[PDB]
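K.L.:
One structure is given below, represented as C-alpha cells, and several questions about it will come after.
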Amino acid sequence: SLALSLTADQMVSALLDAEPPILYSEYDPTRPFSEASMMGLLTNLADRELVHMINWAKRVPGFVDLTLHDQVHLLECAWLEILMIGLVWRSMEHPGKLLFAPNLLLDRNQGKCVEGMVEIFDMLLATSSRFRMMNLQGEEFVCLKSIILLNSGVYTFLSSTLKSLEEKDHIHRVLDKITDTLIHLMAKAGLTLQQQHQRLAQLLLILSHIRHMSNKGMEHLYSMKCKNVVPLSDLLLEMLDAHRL
Amino acid sequence: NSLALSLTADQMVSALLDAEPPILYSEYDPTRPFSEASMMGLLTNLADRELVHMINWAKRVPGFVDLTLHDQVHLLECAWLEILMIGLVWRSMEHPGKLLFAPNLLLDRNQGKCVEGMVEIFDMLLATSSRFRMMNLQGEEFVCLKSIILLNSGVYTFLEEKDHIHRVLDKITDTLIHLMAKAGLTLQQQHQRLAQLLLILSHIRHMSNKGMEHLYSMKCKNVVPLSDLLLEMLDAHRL
Amino acid sequence: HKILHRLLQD
Amino acid sequence: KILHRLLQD
Ligand SMILES: CC1=C[C@@H](C)[C@]2(CO)CO[C@@H](c3ccc(O)cc3)[C@H]1[C@H]2C
Ligand SMILES: CC1=C[C@@H](C)[C@]2(CO)CO[C@H](c3ccc(O)cc3)[C@H]1[C@H]2C
C-alpha cells in the first residue's frame, strides 16, 4: 500500500487537497424559521455534504485499499461524527454560534427552534470552545477527521459466524501513520517532546466527545424522522438505519 | 497548587492501583437456568453494588476531590456506564468469547440473547476485550484509561475547574507514556500506542451510549425493578 | 437529595 | 444501497 510509504508531509498534503468544499444552504433569510423549516434546511445541507464526504473518503490515503464492504461500513459508522467535527471546525471563529453554512449561521437560542435540538447545539458549541482553547490547526483537523473515518467502525467488524472481532491490520497501520503525522506536525510547530504526547492525547480525547454527540445527534434526528417533522432523503434514511435505536 | 499535579508517574500509577475497587460476586444460583427477568436482575444487582465502590474509587483518583461536589456528581453521572463497561472488558480479557461480569457469572455471547436487545451490546464488549488482548493491554495502562474516562467524558459539559482537570489529564498522559518508556518501547511506538489506547475510549463511549438506551428500554419494559441509585444514574442521561 | 450526592459527601 | 453505489461510481 503506497499510503504506507508516504512521508508525514505527503500525508498532510494529501489530506489538505482532499478536503471537501464548504457548501451553501438554500435558506431564504427573509423567510421565518419554524421547527420543520429549520430541520429541512439542515437535513438538506447534510444530504448534499454526504455526497462530498463519500468522494473525500476515497481520497484519504489507504481508504480505497479496503473492500467496498469495509468502506461502506466505516462511512455508515462515522458520517455524523465527520459532519459534526467539520461543523465545529467551521464554527471555531464564531463563538456562541454554529456555522452550518456561510449563509446559515445559528446561535444557541436559534437551536431552541427545533424540539430537543438545543441540547445538541450546546454540545457542539462547547466542543467549538475546546477547539479555540487548544488553538487547533487545520493540519490537525484533517488528521482528526481521517482518524474518525478509519477508527469509528473498526471494532465493529465481526466475523459472520461466531461474531468475533476481525483483525484489520491495514486500517491500524494507516491510523498509526496518521499518529506519526500528527506528532511530526507538532514537532515542526516547535512543541516540546513532552508537549507532543500531551497535545496528542488532548486531540484524541476530543473524539470521545464527538462520538457522544454523534450518538445523541443520531437519536435526535431519528426522533424527528419518526414524528414526521421533516422528510429525509433516501441516502439519509439509509445512513440513519445503519444505526440502532 | 494542588496535590495530583506534584505526583511523579510512579506515584500516579501506585495511587491508581491502590484506589482499585474489588471484583464483586453475583448472587447467581448456578443450579437454576436463566430467564430474561433473572438475568436482568442479576446484572442490575451487580451494577448497583459496583456503583457504590466506584464512587469511593473516584474520590481516590488524584485531583478528583479538588473539584466541587456538583462537578464530581457531573463527571460520575456522565462516565459511570463507561467505567463499569471498561471494567467488565478488562476482567474478560483472558476469557475469549466470554464476559466475566463476576467470577461466578461468566457469560457467552449466546447468553446475551436471554435479554431482548442485549446480545448486540455483548458483541461490542466482546470486540473491545478482543482488542485489549490484541494490544496486550497492561493493568497499569488500564487504570490510567479508566481515570482518564472519569475526568474526560464530562469535562466539556462544564474555567479554572476545567483547566485543572486538563492539568490532571496531562499527568495521566505522562504516566501512560512513562509506563511505555519503562516497557522499552521506542519514542515512535510510545506515540502510536498512546493513540491506540485513547482511540479505544471512543468505542467505549459508543458502547455506553448504546447500553444506556438499552437499559432505558429495559426500564420501560419493566422486566425487573432497578435500584434508586441505578435509576438516578440512568435518568441523568435522559433529556 | 440525590443518592450519588450523599455517597460522595460520605 | 445508495452509499454502496455512490462509493463505486
Ligand atoms: C449496568 C448494566 C446492566 C445490564 C442490564 C446491561 C444490559 O445490557 C448489560 O451490561 C451491563 C453491565 C456492564 C458492566 C458491569 O460491570 C455490569 C453490568 C449494563 C447494561 C448495558
Ligand atoms: C446532520 C444533523 C442531524 C441532527 C443531529 C441535526 C439536528 O439536531 C441536523 O443537522 C445538523 C448538521 C450538522 C452538521 C452538518 O454538517 C450539517 C447538518 C446535525 C444536527 C444539528
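Residue numbering restarts at 1 in every chain; chains get A, B, ... in the order shown in the C-alpha cells, and ligands count up from 1 in that same order.
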Which residues sit within 6 Å of ligand 2, counting only C-alpha atoms and all ligand atoms, listed as a PyMOL selection string?
P.N.:
chain A and resi 42-43+45-46+83-84+87+100+117+120+217-218+220-221
K.L.:
Check every protein, DNA and RNA residue against ligand 1, keep those with an atom at most 9 Å away (counting only C-alpha atoms and all ligand atoms), and present them as an mmCIF file with N, CA, C and O atoms, in the first residue's frame.
P.N.:
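Final output, saved to selection-v9.cif:
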data_model
loop_
_atom_site.group_PDB
_atom_site.id
_atom_site.type_symbol
_atom_site.label_atom_id
_atom_site.label_comp_id
_atom_site.auth_asym_id
_atom_site.auth_seq_id
_atom_site.Cartn_x
_atom_site.Cartn_y
_atom_site.Cartn_z
ATOM 1 N N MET B 39 -31.838 -12.830 34.571
ATOM 2 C CA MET B 39 -30.610 -12.272 34.013
ATOM 3 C C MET B 39 -30.508 -10.775 34.333
ATOM 4 O O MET B 39 -29.522 -10.330 34.904
ATOM 5 N N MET B 40 -31.539 -10.018 33.966
ATOM 6 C CA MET B 40 -31.577 -8.574 34.202
ATOM 7 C C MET B 40 -31.379 -8.237 35.667
ATOM 8 O O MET B 40 -30.658 -7.304 35.993
ATOM 9 N N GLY B 41 -32.056 -8.979 36.539
ATOM 10 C CA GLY B 41 -31.952 -8.767 37.977
ATOM 11 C C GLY B 41 -30.526 -8.950 38.456
ATOM 12 O O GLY B 41 -30.012 -8.134 39.228
ATOM 13 N N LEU B 42 -29.886 -10.019 37.989
ATOM 14 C CA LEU B 42 -28.501 -10.303 38.356
ATOM 15 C C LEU B 42 -27.556 -9.183 37.930
ATOM 16 O O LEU B 42 -26.709 -8.736 38.716
ATOM 17 N N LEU B 43 -27.712 -8.739 36.683
ATOM 18 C CA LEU B 43 -26.829 -7.746 36.102
ATOM 19 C C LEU B 43 -27.007 -6.369 36.739
ATOM 20 O O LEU B 43 -26.037 -5.698 37.023
ATOM 21 N N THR B 44 -28.253 -5.954 36.941
ATOM 22 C CA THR B 44 -28.532 -4.671 37.586
ATOM 23 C C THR B 44 -28.213 -4.689 39.093
ATOM 24 O O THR B 44 -27.790 -3.673 39.648
ATOM 25 N N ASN B 45 -28.419 -5.838 39.747
ATOM 26 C CA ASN B 45 -27.978 -6.025 41.139
ATOM 27 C C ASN B 45 -26.478 -5.800 41.242
ATOM 28 O O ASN B 45 -26.009 -5.037 42.078
ATOM 29 N N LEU B 46 -25.730 -6.450 40.360
ATOM 30 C CA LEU B 46 -24.282 -6.328 40.334
ATOM 31 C C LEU B 46 -23.846 -4.878 40.098
ATOM 32 O O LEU B 46 -23.027 -4.325 40.847
ATOM 33 N N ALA B 47 -24.419 -4.263 39.067
ATOM 34 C CA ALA B 47 -24.054 -2.901 38.681
ATOM 35 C C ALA B 47 -24.345 -1.920 39.820
ATOM 36 O O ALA B 47 -23.537 -1.037 40.105
ATOM 37 N N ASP B 48 -25.492 -2.085 40.473
ATOM 38 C CA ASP B 48 -25.850 -1.215 41.591
ATOM 39 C C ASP B 48 -24.757 -1.248 42.661
ATOM 40 O O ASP B 48 -24.302 -0.214 43.147
ATOM 41 N N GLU B 50 -21.648 -2.202 42.260
ATOM 42 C CA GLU B 50 -20.362 -1.700 41.786
ATOM 43 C C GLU B 50 -20.366 -0.183 41.852
ATOM 44 O O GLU B 50 -19.319 0.442 42.053
ATOM 45 N N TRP B 80 -20.197 6.840 34.369
ATOM 46 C CA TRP B 80 -20.451 5.622 35.137
ATOM 47 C C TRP B 80 -20.595 4.337 34.304
ATOM 48 O O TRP B 80 -19.992 3.325 34.641
ATOM 49 N N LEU B 81 -21.401 4.355 33.245
ATOM 50 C CA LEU B 81 -21.560 3.161 32.434
ATOM 51 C C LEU B 81 -20.270 2.846 31.670
ATOM 52 O O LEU B 81 -19.952 1.680 31.423
ATOM 53 N N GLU B 82 -19.530 3.892 31.313
ATOM 54 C CA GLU B 82 -18.260 3.742 30.594
ATOM 55 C C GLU B 82 -17.268 3.097 31.541
ATOM 56 O O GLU B 82 -16.440 2.279 31.156
ATOM 57 N N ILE B 83 -17.357 3.484 32.803
ATOM 58 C CA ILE B 83 -16.448 2.952 33.814
ATOM 59 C C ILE B 83 -16.754 1.478 34.134
ATOM 60 O O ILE B 83 -15.841 0.646 34.218
ATOM 61 N N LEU B 84 -18.034 1.148 34.273
ATOM 62 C CA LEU B 84 -18.426 -0.242 34.504
ATOM 63 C C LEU B 84 -18.026 -1.091 33.308
ATOM 64 O O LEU B 84 -17.527 -2.202 33.458
ATOM 65 N N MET B 85 -18.248 -0.558 32.116
ATOM 66 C CA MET B 85 -18.003 -1.317 30.899
ATOM 67 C C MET B 85 -16.528 -1.618 30.663
ATOM 68 O O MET B 85 -16.192 -2.747 30.305
ATOM 69 N N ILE B 86 -15.647 -0.625 30.857
ATOM 70 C CA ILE B 86 -14.215 -0.858 30.643
ATOM 71 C C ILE B 86 -13.735 -1.832 31.701
ATOM 72 O O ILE B 86 -12.844 -2.637 31.461
ATOM 73 N N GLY B 87 -14.344 -1.752 32.880
ATOM 74 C CA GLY B 87 -14.051 -2.679 33.959
ATOM 75 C C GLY B 87 -14.383 -4.093 33.530
ATOM 76 O O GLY B 87 -13.563 -5.000 33.670
ATOM 77 N N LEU B 88 -15.597 -4.275 33.022
ATOM 78 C CA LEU B 88 -16.049 -5.577 32.517
ATOM 79 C C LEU B 88 -15.114 -6.140 31.438
ATOM 80 O O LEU B 88 -14.721 -7.301 31.481
ATOM 81 N N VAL B 89 -14.784 -5.293 30.470
ATOM 82 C CA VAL B 89 -13.920 -5.646 29.348
ATOM 83 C C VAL B 89 -12.528 -6.051 29.852
ATOM 84 O O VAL B 89 -11.953 -7.023 29.404
ATOM 85 N N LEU B 100 -16.896 -11.735 31.814
ATOM 86 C CA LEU B 100 -16.817 -12.036 33.234
ATOM 87 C C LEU B 100 -17.443 -10.913 34.060
ATOM 88 O O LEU B 100 -16.742 -10.069 34.604
ATOM 89 N N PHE B 101 -18.771 -10.892 34.136
ATOM 90 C CA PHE B 101 -19.469 -9.909 34.976
ATOM 91 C C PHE B 101 -19.037 -10.057 36.411
ATOM 92 O O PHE B 101 -18.816 -9.071 37.113
ATOM 93 N N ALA B 102 -18.892 -11.308 36.831
ATOM 94 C CA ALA B 102 -18.375 -11.650 38.138
ATOM 95 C C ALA B 102 -17.654 -12.971 37.957
ATOM 96 O O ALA B 102 -17.840 -13.638 36.930
ATOM 97 N N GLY B 112 -26.242 -13.622 25.993
ATOM 98 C CA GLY B 112 -26.710 -12.247 25.809
ATOM 99 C C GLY B 112 -28.090 -12.250 25.169
ATOM 100 O O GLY B 112 -28.859 -11.299 25.297
ATOM 101 N N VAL B 115 -31.661 -11.772 27.238
ATOM 102 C CA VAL B 115 -32.352 -10.487 27.360
ATOM 103 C C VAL B 115 -32.511 -9.852 25.971
ATOM 104 O O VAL B 115 -31.560 -9.811 25.188
ATOM 105 N N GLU B 116 -33.723 -9.387 25.668
ATOM 106 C CA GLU B 116 -34.013 -8.754 24.386
ATOM 107 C C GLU B 116 -33.097 -7.551 24.126
ATOM 108 O O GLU B 116 -32.988 -6.648 24.961
ATOM 109 N N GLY B 117 -32.448 -7.558 22.967
ATOM 110 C CA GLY B 117 -31.534 -6.491 22.556
ATOM 111 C C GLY B 117 -30.197 -6.472 23.280
ATOM 112 O O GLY B 117 -29.379 -5.573 23.061
ATOM 113 N N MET B 118 -29.955 -7.459 24.140
ATOM 114 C CA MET B 118 -28.712 -7.470 24.903
ATOM 115 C C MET B 118 -27.505 -8.031 24.149
ATOM 116 O O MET B 118 -26.373 -7.643 24.425
ATOM 117 N N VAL B 119 -27.733 -8.942 23.217
ATOM 118 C CA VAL B 119 -26.618 -9.574 22.517
ATOM 119 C C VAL B 119 -25.829 -8.563 21.688
ATOM 120 O O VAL B 119 -24.616 -8.659 21.590
ATOM 121 N N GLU B 120 -26.511 -7.569 21.133
ATOM 122 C CA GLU B 120 -25.817 -6.517 20.386
ATOM 123 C C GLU B 120 -24.808 -5.792 21.273
ATOM 124 O O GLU B 120 -23.722 -5.454 20.822
ATOM 125 N N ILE B 121 -25.174 -5.556 22.531
ATOM 126 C CA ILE B 121 -24.241 -4.960 23.484
ATOM 127 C C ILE B 121 -23.082 -5.912 23.765
ATOM 128 O O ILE B 121 -21.921 -5.523 23.680
ATOM 129 N N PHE B 122 -23.404 -7.157 24.105
ATOM 130 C CA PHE B 122 -22.380 -8.170 24.380
ATOM 131 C C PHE B 122 -21.316 -8.212 23.276
ATOM 132 O O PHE B 122 -20.120 -8.262 23.557
ATOM 133 N N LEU B 125 -18.862 -5.373 23.515
ATOM 134 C CA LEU B 125 -17.996 -5.563 24.670
ATOM 135 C C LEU B 125 -16.944 -6.630 24.374
ATOM 136 O O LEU B 125 -15.758 -6.450 24.664
ATOM 137 N N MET B 207 -20.330 2.324 23.186
ATOM 138 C CA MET B 207 -20.956 1.213 23.917
ATOM 139 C C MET B 207 -21.808 1.706 25.077
ATOM 140 O O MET B 207 -22.879 1.161 25.342
ATOM 141 N N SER B 208 -21.322 2.742 25.760
ATOM 142 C CA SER B 208 -22.061 3.367 26.858
ATOM 143 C C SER B 208 -23.366 4.027 26.399
ATOM 144 O O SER B 208 -24.414 3.862 27.030
ATOM 145 N N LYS B 210 -25.050 3.268 23.710
ATOM 146 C CA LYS B 210 -25.920 2.197 23.256
ATOM 147 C C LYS B 210 -26.459 1.382 24.421
ATOM 148 O O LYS B 210 -27.631 0.989 24.421
ATOM 149 N N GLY B 211 -25.610 1.110 25.407
ATOM 150 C CA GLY B 211 -26.045 0.394 26.592
ATOM 151 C C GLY B 211 -27.021 1.216 27.414
ATOM 152 O O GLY B 211 -27.937 0.669 28.029
ATOM 153 N N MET B 212 -26.821 2.533 27.437
ATOM 154 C CA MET B 212 -27.724 3.426 28.155
ATOM 155 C C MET B 212 -29.136 3.368 27.557
ATOM 156 O O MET B 212 -30.133 3.305 28.287
ATOM 157 N N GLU B 213 -29.218 3.394 26.231
ATOM 158 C CA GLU B 213 -30.511 3.292 25.570
ATOM 159 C C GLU B 213 -31.143 1.910 25.773
ATOM 160 O O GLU B 213 -32.360 1.807 25.885
ATOM 161 N N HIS B 214 -30.321 0.858 25.851
ATOM 162 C CA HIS B 214 -30.839 -0.487 26.104
ATOM 163 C C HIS B 214 -31.385 -0.604 27.519
ATOM 164 O O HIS B 214 -32.464 -1.154 27.741
ATOM 165 N N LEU B 215 -30.616 -0.101 28.474
ATOM 166 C CA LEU B 215 -31.017 -0.112 29.870
ATOM 167 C C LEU B 215 -32.317 0.665 30.073
ATOM 168 O O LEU B 215 -33.188 0.252 30.836
ATOM 169 N N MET B 218 -35.089 -1.378 28.793
ATOM 170 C CA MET B 218 -35.411 -2.440 29.734
ATOM 171 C C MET B 218 -36.155 -1.909 30.963
ATOM 172 O O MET B 218 -36.867 -2.658 31.637
ATOM 173 N N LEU B 230 -29.325 3.291 40.717
ATOM 174 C CA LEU B 230 -29.221 2.966 39.303
ATOM 175 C C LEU B 230 -30.185 3.825 38.476
ATOM 176 O O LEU B 230 -29.802 4.352 37.434
#
K.L.:
Find the residues of chain A in contact range of chain B, meaning any atom within 6 Å when counting only C-alpha atoms, and list them as a PDB file with C-alpha atoms, in the first residue's frame.
P.N.:
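Output below, filename iface.pdb:
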ATOM      1  CA  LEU A 165     -13.618  -9.240  16.172  1.00  0.00           C
ATOM      2  CA  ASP A 176      -0.555   4.602  13.114  1.00  0.00           C
ATOM      3  CA  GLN A 198       0.168  15.728  25.890  1.00  0.00           C
ATOM      4  CA  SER A 208     -14.750  10.633  22.594  1.00  0.00           C
TER       5      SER A 208
END
K.L.:
Please determine, counting only C-alpha atoms, which residue among B:69, B:56, B:140, B:220 has the shortest atom-to-atom distance to residue 2 of chain C.
P.N.:
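Residue with the minimum atom-to-atom distance to residue 2 of chain C: B:69.
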K.L.:
In Å, rounded to a single decimal, give me how far atom CA of residue 147 of chain B is from atom CA of residue 228 of chain B.
P.N.:
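Rounded to one decimal, the two atoms are 25.2 Å apart.
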K.L.:
Got a sec to pull out which chain D residues are within 7 Å of chain A, counting only C-alpha atoms, and send them as an MDAnalysis selection string?
P.N.:
chainID D and resid 2:4 7
K.L.:
Could you pull the residues within 12 Å of residue 40 of chain A, counting only C-alpha atoms, minus those fewer than 4 positions along the same chain, as a list in words?
P.N.:
residues 25, 26, 27, 33, 34, 35, 36, 44, 45, 46, 47, 114, 221, 224, 225, 228, 229, 230, 231, 232 and 233 of chain A
K.L.:
Write out as a ChimeraX atom specification all residues of segment 96-195 of chain B that DSSP puts in alpha helix (DSSP H) for this structure's backbone.
P.N.:
/B:118-135,139-152,160-182,187-195
K.L.:
Residues of chain B within 7 Å of chain C, counting only C-alpha atoms, what are they? List them as a list in words.
P.N.:
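Taking only C-alpha atoms into account, residues 55, 73 and 229 of chain B sit within 7 Å of chain C.
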K.L.:
I want to know what sits within 9 Å of segment 9-11 of chain A, based on only C-alpha atoms, with residues of the same chain fewer than 5 positions away left out; could you give that as a list in words?
P.N.:
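Close residues of segment 9-11 of chain A: residues 3, 16, 60, 61, 143, 177, 178, 181, 184 and 185 of chain A.
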K.L.:
Can those selected residues be exported to a file as a compact mmCIF listing (two decimals), in the first residue's frame so that it contains N, CA and C atoms?
P.N.:
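New file out.txt:
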# COMPACT_ATOMS: atom_id res chain seq x y z
N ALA A 3 0.07 4.22 0.49
CA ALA A 3 -0.26 5.10 1.63
C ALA A 3 0.68 4.87 2.82
N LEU A 16 -5.11 17.63 3.03
CA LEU A 16 -5.50 19.01 2.73
C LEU A 16 -6.14 19.12 1.34
N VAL A 60 -8.73 9.80 1.03
CA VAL A 60 -7.96 9.57 2.25
C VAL A 60 -7.01 8.38 2.07
N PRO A 61 -5.69 8.61 2.19
CA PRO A 61 -4.69 7.57 1.91
C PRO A 61 -5.03 6.24 2.58
N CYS A 143 -6.24 15.54 10.11
CA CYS A 143 -5.77 14.29 10.70
C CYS A 143 -6.83 13.67 11.60
N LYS A 177 0.15 5.66 11.03
CA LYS A 177 0.82 6.70 10.24
C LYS A 177 0.21 8.07 10.44
N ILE A 178 -1.09 8.13 10.67
CA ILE A 178 -1.70 9.42 10.97
C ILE A 178 -1.21 9.93 12.33
N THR A 181 2.06 11.36 11.67
CA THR A 181 1.86 12.65 11.02
C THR A 181 1.52 13.76 12.02
N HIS A 184 4.73 14.60 14.04
CA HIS A 184 5.55 15.38 13.13
C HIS A 184 5.08 16.83 13.02
N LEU A 185 3.79 17.03 12.80
CA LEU A 185 3.22 18.38 12.71
C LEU A 185 3.46 19.21 13.98
K.L.:
Work out how far apart atom CA of residue 62 of chain B and atom CA of residue 91 of chain B are and give it in Å to one decimal.
P.N.:
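Separation of atom CA of residue 62 of chain B and atom CA of residue 91 of chain B: 23.3 Å.
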K.L.:
What separation in Å, quoted to one decimal, exists between atom CA of residue 145 of chain A and atom CA of residue 81 of chain A?
P.N.:
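Computing it gives 8.5 Å between the two atoms.
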